[PDB]
Amino acid sequence: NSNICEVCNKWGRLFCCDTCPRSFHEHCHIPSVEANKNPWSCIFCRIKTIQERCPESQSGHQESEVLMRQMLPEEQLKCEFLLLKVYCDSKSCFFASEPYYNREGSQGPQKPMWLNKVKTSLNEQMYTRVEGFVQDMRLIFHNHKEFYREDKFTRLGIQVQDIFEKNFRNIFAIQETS
Ligand SMILES: [Zn+2]
Ligand SMILES: [Zn+2]
Ligand SMILES: [Zn+2]
């Protein structure tokens, strides 16, 4: 198994996947690594199993259909993975914790949002449809773009949004387009 956490790339108290060589800190894995279960399979392995069980699940989909899906266990898992994929990028640190807004010439957003809040919401089963999760994720980056205006710091929002959107298209098998 790897000797660093797959998400944060640090050593420490790691839990090892039994079906692949990845390792995780307890709260880096999403959901948080489970108390018992021997063997244990990580979220990457659980997602791979869904695909393998239903190969046709990788045929192209319309985003509009994906967003209206109810958050049954498999969609719940997919959103947890997609959230985890954003945490995997080091630039997610900027969007992880609760932000504050005091910049000359800008006003803060009406509805602040951040990754740890989305993480809690997923954990507490507060989203009934994929759309709920996706809207909060996109709001993160949209609030950032709006607040930072022409400061070059706006690019961090573009960059992390691009990681989100690419992973969304991959995980939910969105029909490729030009
Ligand atoms: Zn970690
Ligand atoms: Zn694994
Ligand atoms: Zn099938």
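So, here's what we can say about the structure. (Residues numbered from 1 in each chain as written, not as in the entry; some residues may be left out. Chains lettered and ligands numbered in written order. Heavy atoms only, no water. Residues with missing side-chain atoms left out of burial classes, pairs and counts.)

### Remarks on the coordination of the zinc ion (ligand 3)
Geometry sets the ideal angles at a metal, namely 109.5 degrees for four tetrahedral donors and 90 or 180 degrees for six octahedral donors.
Okay, step 1: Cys54 (SG), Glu56 (OE) and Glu56 (OE) make up the full set of protein donors to the zinc ion (ligand 3), lying at 2.0 to 2.7 Å.
Okay, step 2: Residue class for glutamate 56 comes out exposed when judged on its relative accessible area of 53%. (Donors = N, O, S within 2.8 Å, 3.2 Å for Na, K, Ca; no water. Buried < 20%, exposed > 50% of the residue type's maximum accessible area, 1.4 Å probe, protein only.)

### Observations concerning the coordination of the zinc ion (ligand 2)
Okay, step 1: Protein coordination at the zinc ion (ligand 2): the donors are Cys17 (SG), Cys20 (SG), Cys42 (SG) and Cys45 (SG), at 2.2 to 2.4 Å from the metal.
Okay, step 2: In this structure, the zinc ion (ligand 2) is coordinated by four donor atoms arranged in tetrahedral fashion, with angles at the metal of 105 to 119°.
Okay, step 3: On the basis of relative accessibility, which here comes to 0%, the residue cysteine 42 falls in the buried class. (Tetrahedral: all angles 85-135°; square planar, octahedral: opposite > 155°, others 65-115°.)

### Observations concerning the packing of aromatic side chains
Okay, step 1: Summed over all chains, the structure comprises twelve aromatic pairs.
Okay, step 2: Their ring planes at 85° and their centres at 4.9 Å tell us that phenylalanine 147 and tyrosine 148 sit as a pair that is edge-to-face.
Okay, step 3: Judged by relative accessible area, which is 4%, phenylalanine 147 ranks as buried.
Okay, step 4: By way of ring pairs, the aromatic residues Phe94, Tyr101, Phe147, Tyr148 and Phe153 are connected into one cluster.
Okay, step 5: One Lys or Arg, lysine 119, reaches over the ring of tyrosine 87 and ends 4.5 Å from the middle of that ring. (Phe/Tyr/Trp six-rings, centres within 6.5 Å; stacked < 30°, edge-to-face > 60°. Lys NZ or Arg CZ within 6 Å of the ring centre and 35° of its normal.)

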